[PDB]
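FYI, side chains are in, hydrogens and waters are out, and symmetry mates aren't considered; it's all heavy atoms of this structure. Every chain is numbered from 1 and lettered A, B, ... according to where its sequence line falls, protein lines coming before strand lines.
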Amino acid sequence: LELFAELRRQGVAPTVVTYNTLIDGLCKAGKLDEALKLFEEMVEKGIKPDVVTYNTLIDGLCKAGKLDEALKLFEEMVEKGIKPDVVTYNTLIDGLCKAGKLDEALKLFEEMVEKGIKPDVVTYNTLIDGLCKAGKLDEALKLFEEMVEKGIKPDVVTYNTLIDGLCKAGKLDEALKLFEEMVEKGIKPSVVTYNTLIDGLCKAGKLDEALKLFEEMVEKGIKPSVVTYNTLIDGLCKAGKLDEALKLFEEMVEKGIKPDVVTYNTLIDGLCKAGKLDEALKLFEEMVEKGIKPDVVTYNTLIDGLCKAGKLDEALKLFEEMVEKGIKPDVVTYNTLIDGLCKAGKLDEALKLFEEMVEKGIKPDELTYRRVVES
RNA sequence: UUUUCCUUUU
């Protein structure tokens, strides 16, 4: 960082690998524009960006929601003669899945094979995840068979990903065979394995069992993470045990686990659904003061709670404040307000919010169309 | 030096 500038002012000409690490750090901080600037500066200095340089920027653009730009960057390396490698393909395949473009991801999966690149464990893990999320467990499980055929050994992320896919599909007991199957293979379960299973137990109404697995996990030596506690906080809220959810929130602190924005969003959502708007809004104040910045989910959640209560002025006030503070509204924000307005019979307010959403380039969905008190 | 798993909002 500054230490880099100091190094540079001693006349030391740093390796590309040094530049890459830096561009990587910037990307993962949210400082993407600074990353692209340093990209442009290495080029101006005659320092050639390599395949890792490109792979790093393609990922950060994808993670920033800029799949088009990452796509242009991919075209640019190919034009330069800088060959996309297995990581380039894995990275774009992941971005395409996360973006709803499974079909194009699977086209890249065929393209890499045509260039003599072998799909590897990450290639398979990413498509198995992308298929499971798309409702396609069966194809995911066929991809799981196929990797064993190519000689590629299912690892801990492969088992975790599949167990997540099975739990979301109702295949809870099946996930649990897989869990014993990975131990039988010498793959050690992580916190992620337990958290996944704990979530599936909660969603299936087995909070009893989910807490028993939480106890066993701590017993097997596995220290809970913030996700462990978020998942159990959510399940207690969804169950109607908000008091116990607040106890767990106290507890995680006692045990050294730092709450974060999802911890707040979750408690705020369960207080909202309970009708305890009072406490939700206070908890919202608490997170700012403690330095945890509310994200879009935080506003959406509070806006939802206020709309359902018929407190439209208060809900619009949080929308205004969110739009003020640089927090960008999404499809869920506008669906929530239109929903709220339609419910109240304020149909032209809602139609005028529909137009404004398009005005910001946010893509509507059936939800947006479906919602009409017209009928 | 870069890519893949789990929790929250309509």
Quiz item: Nearest-Å distance, OH (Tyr54(A)) to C1' (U3(B))?
Solution: 18 Å

Quiz prompt | Main-chain N/O of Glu6(A) paired with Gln10(A) side-chain donor or acceptor, under 3.5 Å | solution = yes

Quiz item: To the nearest angstrom, how far is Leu302(A) atom CG from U8(B) atom P?
Solution: 17 Å

Practice problem: Give the C-alpha distance, both sets of side-chain angles, the deciding distance and a yes or no for side-chain contact (heavy atoms from CB on, under 4.5 Å) between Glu356(A) and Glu359(A). | Solution: CA-CA 5 Å; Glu356(A) 207 175 299; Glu359(A) 284 178 2; 4.1 Å; yes

Quiz item: Which of these, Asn265(A), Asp295(A), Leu337(A), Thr333(A), sits in a side chain to side chain contact (heavy atoms under 4.5 Å, CB included) with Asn300(A)?
Solution: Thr333(A)

Quiz item: Nearest-Å distance, CE (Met77(A)) to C1' (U3(B))?
Solution: 12 Å

Quiz prompt | Rounded distance in Å - CG (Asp94(A)) to P (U3(B)) | solution = 10 Å

Quiz item: Separation of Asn20(A) atom CG from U1(B) atom P, in whole Å?
Solution: 11 Å

Quiz item: Taking CD1 from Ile233(A) and P from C6(B), how many angstroms apart are they, rounded to a whole number?
Solution: 19 Å

Quiz item: Do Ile82(A) and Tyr19(A) share a hydrophobic cluster (ILVMFWY, side-chain heavy atoms under 4.5 Å, transitive)?
Solution: yes

Self-check item: Whole angstrom value for the distance that separates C1' of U9(B) from CG of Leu306(A)
Solution: 13 Å

Quiz item: For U8(B), does either OP1 or OP2 sit under 4.0 Å from a side-chain N or O belonging to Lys203(A)?
Solution: yes

Practice problem: Measure from CZ on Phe39(A) to P on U2(B) and round the result to the nearest Å. | Solution: 18 Å

